[PDB]
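Chemist: To start, I am sharing the structure in question, which I have written as structure tokens.
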Amino acid sequence: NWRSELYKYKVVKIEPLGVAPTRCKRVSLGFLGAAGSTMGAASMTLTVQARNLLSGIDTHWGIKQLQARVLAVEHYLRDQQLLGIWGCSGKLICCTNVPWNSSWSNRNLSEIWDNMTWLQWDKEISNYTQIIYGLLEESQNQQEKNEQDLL
Amino acid sequence: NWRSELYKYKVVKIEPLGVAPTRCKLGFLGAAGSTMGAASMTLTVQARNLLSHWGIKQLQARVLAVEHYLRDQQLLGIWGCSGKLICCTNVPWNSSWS
Amino acid sequence: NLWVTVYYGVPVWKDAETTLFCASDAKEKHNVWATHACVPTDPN
Amino acid sequence: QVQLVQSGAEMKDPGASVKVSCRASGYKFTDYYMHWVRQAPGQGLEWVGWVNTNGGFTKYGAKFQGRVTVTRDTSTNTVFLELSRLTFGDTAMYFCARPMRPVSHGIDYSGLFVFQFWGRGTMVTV
Amino acid sequence: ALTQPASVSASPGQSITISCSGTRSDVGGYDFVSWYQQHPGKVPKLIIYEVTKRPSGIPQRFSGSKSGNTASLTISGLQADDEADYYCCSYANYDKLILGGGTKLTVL
Ligand SMILES: *[C@@H]1O[C@H](CO)[C@@H](O)[C@H](O)[C@H]1NC(C)=O
Ligand SMILES: *[C@@H]1O[C@H](CO)[C@@H](O)[C@H](O)[C@H]1NC(C)=O
Ligand SMILES: *[C@@H]1O[C@H](CO)[C@@H](O)[C@H](O)[C@H]1NC(C)=O
Ligand SMILES: *[C@@H]1O[C@H](CO)[C@@H](O)[C@H](O)[C@H]1NC(C)=O
Ligand SMILES: *[C@@H]1O[C@H](CO)[C@@H](O)[C@H](O)[C@H]1NC(C)=O
């Protein structure tokens, strides 16, 4: 009876942290817009996507509200913490010092940004994302911060 | 009966913040037994592990983890060290501090 | 040549289960499926 | 110095297809996208599309999706606009254009949406 | 797609504005807004880009502005050389570029 009402709806977790090759060396309208658009075009909407990730676009209901708010804070802070330990705490587009490994993806760069969407990219890089994060954390950010502290 | 199983387990609170004198202006807790400096190249592995019988107890544990993380982030921000991991604060060492 | 760039706010999602809460239109405090302790919905 | 040379005007019966070339020089071909726009007589200017010459990836206006194919030849530095299923409403001057800046992928697209250098344009009559 | 006045006019030496109205996703949310000039029978040229910037070769009399979801081009000191069709351009919400309908400017 409830499926007949919820048939239109799917619950998805937003993964606002993406990694992609570039040429760098270091309102809620449109909230998930450009999801079906290619990358690049979907990189110009980061401001609206980054916002509303903290607030959004009967004991039982109160506990579900508490679980929802704690979970939202937990995920928001996991993403902001990842940005912090990467040295990206408030840049929104954070260029890094990790060279791109062709073993992760070799799509001539133009295909990633002009044809490929962020969803397709996330599906293709899901097996490497943990390696990319490891290099962002263990190698370049703590080494960069130590080097900046070698006064 | 449980002590005889928990004899080798201890719960410890992780204190990711610390201070050390400098001249300036291993998935989790690995290199804890290594010397400092060498253990400063394994700081993000501990930071990444922060924020990792009754639902209220689980929520209290998760809110406590969030509060401890944010207390440490508040300490970094209030010191001007937000998001830096290694931050030189220009406060002189008082010599009596070891 | 190419370097890793981190983007926060990418329109990416994965199928996931999550605790859902309730919202209601205005407020009967004695309703079985109580709408008190629910957040009001947006006017639009 | 930007030189954009387009093919001559073509007459086409409704339902025919036309290929409008735009050869370019004065800049590195693969560093800049090629844009196409449509200026219909007696009315305003409509955007047709763009092609990333360094990979050949294209975008089209919603009105032009499924009717227009844009390709590029990196050996002759020439971009081709192929208009299919022409109708009477497709009579227009078709211009090619060079954007103001090279596109910095994933970082800075500000120079892609500004048409800095314009070609002469060619008529398509239906 | 993009709303633009059909025509504007004023006497020589007066200051006028040409409006451009899109939605939040096209003009309000992006600063990549530009203006173009087509003299009758001539190749289009760039007047304004990025709301406030001018290319080399265009005099300072053409001053762009944007507020809310509405952009405008201010032309202070109309000359007979400026009698041209003015067009507004902006980024569309996703992967697209939208143009206005064209404003015919005359000098009275
Ligand atoms: C790239 O990836 C391969 C396989 O994961 C690895 O062996 C290699 O060391 C990586 N290259 C660099 C430069 O880190
Ligand atoms: C771009 O992606 C789409 C996805 O359906 C694919 O069909 C298309 O061929 C790709 N473009 C090129 C030029 O390969
Ligand atoms: C990731 O690894 C799994 C291992 O089973 C494999 O099936 C999958 O195709 C891999 N995905 C990519 C994108 O390489
Ligand atoms: C433990 O001490 C030995 C002493 O030789 C040293 O070689 C080793 O690297 C130390 N372990 C760590 C994790 O630092
Ligand atoms: C150490 O701190 C005390 C105050 O607690 C101060 O009086 C003393 O001078 C300091 N010592 C040095 C060496 O700065």
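Residues are named by chain letter and number: chains run A, B, ... in the order of the structure tokens, numbers start at 1 in each chain, and ligands are numbered from 1 in the order shown.
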Residues within 12 Å of ligand 5 (only C-alpha atoms and all ligand atoms), as a ChimeraX atom specification?
Modeler: /B:91-98
Chemist: Kindly determine which residues of chain A lie within 8 Å of chain C, considering only C-alpha atoms, and give the answer as a VMD selection string.
Modeler: chain A and resid 10 to 25 32 to 35 42 to 43 45 to 50 58 61 to 62 64 to 65 67 to 68 88 92 to 100 118 to 119 122 132
Chemist: Env of residue 44 (chain C): 12 Å cut, atoms = only C-alpha atoms, seq-sep filter 4 positions within chain, self excluded. Answer as a short mmCIF file (atom, residue, chain, number, x, y, z; two decimals) with C-alpha atoms, in the first residue's frame.
Modeler:
data_model
loop_
_atom_site.label_atom_id
_atom_site.label_comp_id
_atom_site.auth_asym_id
_atom_site.auth_seq_id
_atom_site.Cartn_x
_atom_site.Cartn_y
_atom_site.Cartn_z
CA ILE A 57 17.02 21.66 0.49
CA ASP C 25 1.67 20.45 6.67
CA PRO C 40 6.82 21.78 9.07
#
Chemist: Can you measure CA of residue 28 (chain B) to CA of residue 49 (chain B) for me? One decimal in Å is fine.
Modeler: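 CA of residue 49 (chain B) lies at a distance of 7.0 Å from CA of residue 28 (chain B).
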Chemist: Quick one, how far is CA of residue 80 (chain D) from CA of residue 98 (chain D)?
Modeler: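 CA of residue 80 (chain D) sits 14.1 Å away from CA of residue 98 (chain D).
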Chemist: Pull out every residue of chain A sitting within 7 Å of chain D, counting only C-alpha atoms, and send them as a list in words.
Modeler: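 Going by the stated atoms only, the list reads residues 22, 40, 43, 110, 111, 113, 114 and 115 of chain A.
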Chemist: List as a list in words the protein and nucleic acid residues lying within 9 Å of ligand 1, with only C-alpha atoms and all ligand atoms counted.
Modeler: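 Sorted by chain and then by number, the residues are residues 98, 99, 100, 101, 102, 103, 104, 128, 131 and 135 of chain A.
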Chemist: Can those selected residues be exported to a file as a PDB file, in the first residue's frame so that it contains N, CA and C atoms?
Modeler:
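Saved the output as result.pdb:
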ATOM      1  N   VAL A  98      49.022  15.622  -6.163  1.00  0.00           N
ATOM      2  CA  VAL A  98      49.068  14.199  -6.485  1.00  0.00           C
ATOM      3  C   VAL A  98      49.107  14.084  -8.006  1.00  0.00           C
ATOM      4  N   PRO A  99      50.133  13.477  -8.601  1.00  0.00           N
ATOM      5  CA  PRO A  99      50.083  13.294 -10.050  1.00  0.00           C
ATOM      6  C   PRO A  99      49.013  12.264 -10.355  1.00  0.00           C
ATOM      7  N   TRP A 100      48.386  12.398 -11.516  1.00  0.00           N
ATOM      8  CA  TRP A 100      47.369  11.434 -11.897  1.00  0.00           C
ATOM      9  C   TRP A 100      48.043  10.190 -12.448  1.00  0.00           C
ATOM     10  N   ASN A 101      47.638   9.041 -11.928  1.00  0.00           N
ATOM     11  CA  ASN A 101      48.169   7.755 -12.348  1.00  0.00           C
ATOM     12  C   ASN A 101      47.297   7.230 -13.479  1.00  0.00           C
ATOM     13  N   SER A 102      47.918   6.937 -14.623  1.00  0.00           N
ATOM     14  CA  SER A 102      47.166   6.432 -15.765  1.00  0.00           C
ATOM     15  C   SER A 102      46.533   5.075 -15.486  1.00  0.00           C
ATOM     16  N   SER A 103      46.974   4.376 -14.438  1.00  0.00           N
ATOM     17  CA  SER A 103      46.347   3.119 -14.062  1.00  0.00           C
ATOM     18  C   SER A 103      44.972   3.332 -13.443  1.00  0.00           C
ATOM     19  N   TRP A 104      44.679   4.540 -12.957  1.00  0.00           N
ATOM     20  CA  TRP A 104      43.362   4.806 -12.390  1.00  0.00           C
ATOM     21  C   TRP A 104      42.349   5.049 -13.496  1.00  0.00           C
ATOM     22  N   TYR A 128      39.472   2.993  -7.235  1.00  0.00           N
ATOM     23  CA  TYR A 128      40.714   3.721  -7.025  1.00  0.00           C
ATOM     24  C   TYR A 128      40.575   4.869  -6.040  1.00  0.00           C
ATOM     25  N   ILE A 131      42.665   4.757  -3.038  1.00  0.00           N
ATOM     26  CA  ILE A 131      44.083   4.969  -3.310  1.00  0.00           C
ATOM     27  C   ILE A 131      44.349   6.458  -3.486  1.00  0.00           C
ATOM     28  N   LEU A 135      46.807   8.786  -1.200  1.00  0.00           N
ATOM     29  CA  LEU A 135      47.886   9.655  -1.668  1.00  0.00           C
ATOM     30  C   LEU A 135      47.643  11.117  -1.308  1.00  0.00           C
TER      31      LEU A 135
END
Chemist: Hey, which residues sit close to ligand 4? Say within 8 Å, counting only C-alpha atoms and all ligand atoms, and write them as a list in words.
Modeler: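 Every residue with an atom at most 8 Å from ligand 4 is listed here: residues 30, 31, 32, 33, 34, 35, 38 and 39 of chain B.
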